[PDB]
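Student: The data below comprise the sequence and an experimental structure of the protein.
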Amino acid sequence: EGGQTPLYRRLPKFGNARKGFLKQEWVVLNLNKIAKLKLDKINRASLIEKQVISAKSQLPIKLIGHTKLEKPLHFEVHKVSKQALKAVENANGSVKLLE
Amino acid sequence: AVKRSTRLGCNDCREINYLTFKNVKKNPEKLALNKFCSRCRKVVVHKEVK
Amino acid sequence: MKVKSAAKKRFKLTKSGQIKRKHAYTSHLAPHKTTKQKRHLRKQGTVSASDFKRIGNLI
RNA sequence: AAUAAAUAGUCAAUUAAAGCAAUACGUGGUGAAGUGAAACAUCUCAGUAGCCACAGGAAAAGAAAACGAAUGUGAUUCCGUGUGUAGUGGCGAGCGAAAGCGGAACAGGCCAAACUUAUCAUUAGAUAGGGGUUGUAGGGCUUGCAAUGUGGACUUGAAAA
RNA sequence: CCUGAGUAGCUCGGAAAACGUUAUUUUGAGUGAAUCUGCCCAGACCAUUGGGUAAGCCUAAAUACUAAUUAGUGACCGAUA
RNA sequence: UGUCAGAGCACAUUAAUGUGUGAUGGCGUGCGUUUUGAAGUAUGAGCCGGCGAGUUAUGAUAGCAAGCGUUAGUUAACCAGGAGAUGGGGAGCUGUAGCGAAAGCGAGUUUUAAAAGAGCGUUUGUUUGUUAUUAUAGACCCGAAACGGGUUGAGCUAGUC
RNA sequence: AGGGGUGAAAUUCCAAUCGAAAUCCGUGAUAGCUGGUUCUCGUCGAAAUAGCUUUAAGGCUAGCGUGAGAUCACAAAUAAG
RNA sequence: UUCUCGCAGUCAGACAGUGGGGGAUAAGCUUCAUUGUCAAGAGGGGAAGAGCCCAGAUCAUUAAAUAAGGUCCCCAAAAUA
RNA sequence: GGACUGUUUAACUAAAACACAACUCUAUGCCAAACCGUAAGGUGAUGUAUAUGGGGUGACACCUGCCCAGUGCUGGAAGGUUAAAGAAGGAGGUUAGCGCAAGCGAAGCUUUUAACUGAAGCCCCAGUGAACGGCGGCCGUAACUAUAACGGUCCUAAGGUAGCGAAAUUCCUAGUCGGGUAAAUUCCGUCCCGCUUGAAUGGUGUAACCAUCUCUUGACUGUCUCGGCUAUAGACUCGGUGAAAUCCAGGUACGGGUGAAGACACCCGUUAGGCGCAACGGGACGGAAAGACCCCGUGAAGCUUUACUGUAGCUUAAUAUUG
RNA sequence: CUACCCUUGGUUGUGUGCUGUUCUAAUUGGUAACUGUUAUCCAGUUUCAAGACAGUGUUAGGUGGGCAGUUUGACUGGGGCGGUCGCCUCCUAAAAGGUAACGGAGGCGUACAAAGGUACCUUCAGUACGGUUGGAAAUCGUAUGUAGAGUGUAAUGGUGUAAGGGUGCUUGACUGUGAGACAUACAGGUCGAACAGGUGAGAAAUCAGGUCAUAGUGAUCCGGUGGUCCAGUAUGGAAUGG
């Protein structure tokens, strides 16, 4: 900027232990968006037909939800939310926590 | 320009709590404070160190 | 062009801007500043609106 | 010839590139600078330019002591993506992945050894052969049944298009 | 019985690797293992586990370019170009 | 050194208070450059004519417009094709929930004993055409003594033979 | 025969030019410094300030205008108190 | 002229008055705070003047009333006590 | 002033510069010493200390005073220190295993910086003045004044010796003095308060010599007093011939002012028929050289060094050659 | 009688280099000779002088302006030289504030387990007077004295029952914060309501987030120490890290 020390070099740096490694990833299933999704017993192969998850891959699944729904669906995800689990159980569906 | 730094730390868990000053010329004697300790979550006697 | 290594190592971006950064003048000389100043600059924040303009067109 | 002999050397005969050029490449070797950091030495451009040698019309690289962390793939080369990721650097300027994917193209073979045969005053420890190219371990060794072939990294003859 | 030895690793400096020397490959000097229950790799190192079998050689294939020849072309300039 | 008047003089048009010259009167210190400020004795120009210096590649930002459309879309490299649009190829990118450096949690996250407080949150779209700006590539362009590598040079001339 | 040569040596000379020739290539070196930048019209309208900067003929931000949009007025301004 | 965004721009100002500092309270001098002007702004008067007073130019206008200022003539108009 | 015969900065300048025979010193015993390069190879040298390289001065006469404090150079091996390097030793990491716990811990491998040793070198002990260099003050003191022979005095490692002294050397200062000189700040001999002279960056002189400098004079004359004349060539006119820098456009007067602060162009007065030639220059801040003066540029180039980082090279140890 | 171990002197035995050496067969040679070749080189051989050295290679020292690359700040009322470069108080400085010089002045890289907090109580400087040592000024007594001491200190402002004197409990000179404001380009810096825990003071009241306030320090790396609900390159640790 002209000769003064630049803004960043005045600021300190941020440290992260996980160097040389990849961040943890999943495929997340939002609740308010699957309302228009019309299919029970969700799984990997079912969502590929909607082009949300890549077929030539392998990645755990993640569940999130804070809304009320009535259609009973059977979820197959590797991570669950307890409040979302209760809410979806109030919908007469089923959820199994995958390893 | 002068160095009066001394580190008061806990004794039940050996913390490093507070940096303070105390003139070594008047007395080179240890001072035992009583202040709060996190890992003990209570007021304990802290002792001085370099 | 390509992003700057120093910038990405010192700028944290989240939803809708609001760059996150820490406060300096804390990590070297403890006795030179009071504990009130130390914890007041211990937290995180975002730079002013003028510098917001200066950085928004820079990244 | 020294040095008996043999050598070296000398003479004689046969075969090779020997050289030149397309400012284009490719390979190998050698090997500066200024530019920037509004300074500069670490650094950057940069193994840049340049110089030399080589052969080619294509070359090099090429077959896991490969990757890599998944019941993952199974020569290599090249194009986008991954990606400016993880990172590296007076952590300054700057520098830039590794797998995977979408792709073009997609052939794997040949040696020495143990083991043995014939030839080297057959002390050769060499010559020419059978064999043999190894981790879904295998080969040499003793000892059987089979298999009557396919493709090439491939010979010229004959015709045709 | 065999599986490529002054061989690999290692020390003193390096180079190539995103790479400034760090796993990985190599050397100017020195060094000196292994025999298949082997040995190497899995960005120091060990155990465990998984993967691999070098230290000999070869290999057109996709890809860079038209000095030069042929046929055709240009929302290429038209003799201060 | 011309303007406006203005008789006079010579006249006859893109039919028009027609044109050309101007005795005289009134007025009247050039054109750029950069400078606090240039009428200047600051500089550039002898004149004429021709030529003569803000584009593009990729990338980001902001604006305008349109297409598409809230589990949208665009396809990249590429393949069939007058080397065409296009069709196919969904590899990847944006938003779709985020918090942080993280184990992880999640309409909450982290800081904290806090369910205290505070921060960030609490979806508000994508692709192109275009304009301008910005980033690197020579990046409006002219300009130096510069630096490094290579090369000709003792017949001028110095010394020697 | 120039990261040199030559020199009874004065910065002498090295094709009229030498405190280190000329030529080609990098190369269109760099230039915070001089120079200029080429058709027209419509609207608003400056500053020549403070700090920092090896900062002083340079750059950044705050102010000093504009382009568009929103804020409807307890806001800013014009006067009285 | 309040908030966002695009977008420059300058950091060399100059002068008269006002309160000043330096200076020697000398300077068309310098260093500030106020008003004004030029730069970016033409006009009249001050004889000729960047700065003063009167003033803010859309075009035409051989029309008028005016601002400062002025009325023997040059050069436009006045005299009376 | 320098000894000269001489070398010279082509194309600004020749000496008080260099040079020289000579003098002085150091180093050098053959693969000499040194130098070129990298190396072969090569000069020195097809040389052998009466010789060579290098350093300094520069006929000849006479001398060269002191100091090794600091730097250098050499010698020195006692003592302190001293890298690379060789390797005493230990903890740690793992666990075959001892284990229900706590923990413990074999062997292999792996990070460690060492014990000890470890050269050159540095510190240190002496010398080295024809090596780099330096070589002081203050106060008081004489029966003439005056003067300072002297005495006391501190620091340094040690206080200018001979000589020459207002010179090529003195700012004050144009200091005298005696001069030549009618009238001498530069000309001469002398006086000695010598800032910051002074003995190998040699010194004091020295006969001759000098495109060297200065001083006085003989004669000499147009250099001058003091100006003028003569003849060619141009310049002048006529014929043939055919060139430049520069140049915004211009038909281009002055006084007083004015003003970017020095007017041909502006304001008020004044002056001038138009056009050539012989002319020389006051102006047109005349032409030519983006000044060669100074300053700025984090501009360039170069040089020096007790600036920095390296490096050519020399050289020491370990190590392979290497028994 | 005997099982274990300390100081010193020897001490059979080896591992080693080091000091001095003997020999050549490694090696050097510009010792001399023969042949190639009827050749100053060179090749082979012999001889001689040396001989584990020299030279050479590497590593690491010492020396090394011969050489390479660079550096040599700024403001300057011409330059260089000179002074300063940061922080804070007063006047300049236009009765808020803001606001220049190479202006006039001044201080700063602090002090402190007390000069801190709290509760208790106490209130001048001075002058005059009266007194052995005993001064112009020692301490007390009596007053007067209204700011003329002190509130670490260079200065400013405030400070008279105070912010000072002494007495007592101690150590909030806490932890996590933090709305709201302060003035500004930024870095920043200033106060601070109020809450949670858990304290000290004093019966409680409430106070205590350093002093009466305004000066009394330099980020960011880099490297280092303790601890950490953290990660751990196939697994575990370790290592390496946050």
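Tutor: All right, it came through fine. Residues are numbered from 1 along each chain as shown, chains lettered A, B, ... in the order given.
Student: which residue does chain C bring closest to RNA strand D?
Tutor: Nearest residue of chain C to RNA strand D: residue C:5, at 3.2 Å (CB to the nearest atom of the strand). Any C-beta I mention is one placed from the backbone N, CA and C, and that applies to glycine too.
Student: what about that residue, neighbour count?
Tutor: Number of residues near residue C:5 (other CB atoms under 10 Å in any protein chain shown) recorded here: 9.
Student: Angles on the backbone of it, please.
Tutor: Main-chain torsions, residue C:5, degrees, to the nearest 10: phi -60, psi -40.
Student: distance of it from RNA strand J?
Tutor: 13 Å (CB to the nearest atom of the strand, to the nearest Å).
Student: Also residue C:3?
Tutor: Residue C:3 is 19 Å from RNA strand J, by CB to the nearest atom of the strand.
Student: for residue B:39, same thing?
Tutor: Taken as CB to the nearest atom of the strand, the span from residue B:39 to RNA strand J is 7 Å.
Student: residue boundaries of the strands in chain C?
Tutor: Secondary structure of chain C (DSSP state E): strands at C:12-14, C:17-20.
Student: Helix, strand, or coil at the residue nearest the centre of chain B?
Tutor: With distances taken as CA atoms, centre = their mean, residue B:8 lies nearest the centre of chain B, 1.6 Å away. Three-state assignment for residue B:8 (DSSP: H, G, I helix; E, B strand; the rest coil): strand.
Student: quick one, what contacts it?
Tutor: B:17-20, B:33, B:35, B:46-49 (CB atoms under 8 Å, 6 or more residues apart in numbering or on different chains).
Student: how many other residues sit next to the residue in chain B that RNA strand H sits nearest to?
Tutor: Relative to RNA strand H, the nearest point of chain B is residue B:1 (36.7 Å; CB to the nearest atom of the strand). By the measure other CB under 10 Å, the count of residues near residue B:1 is 2.
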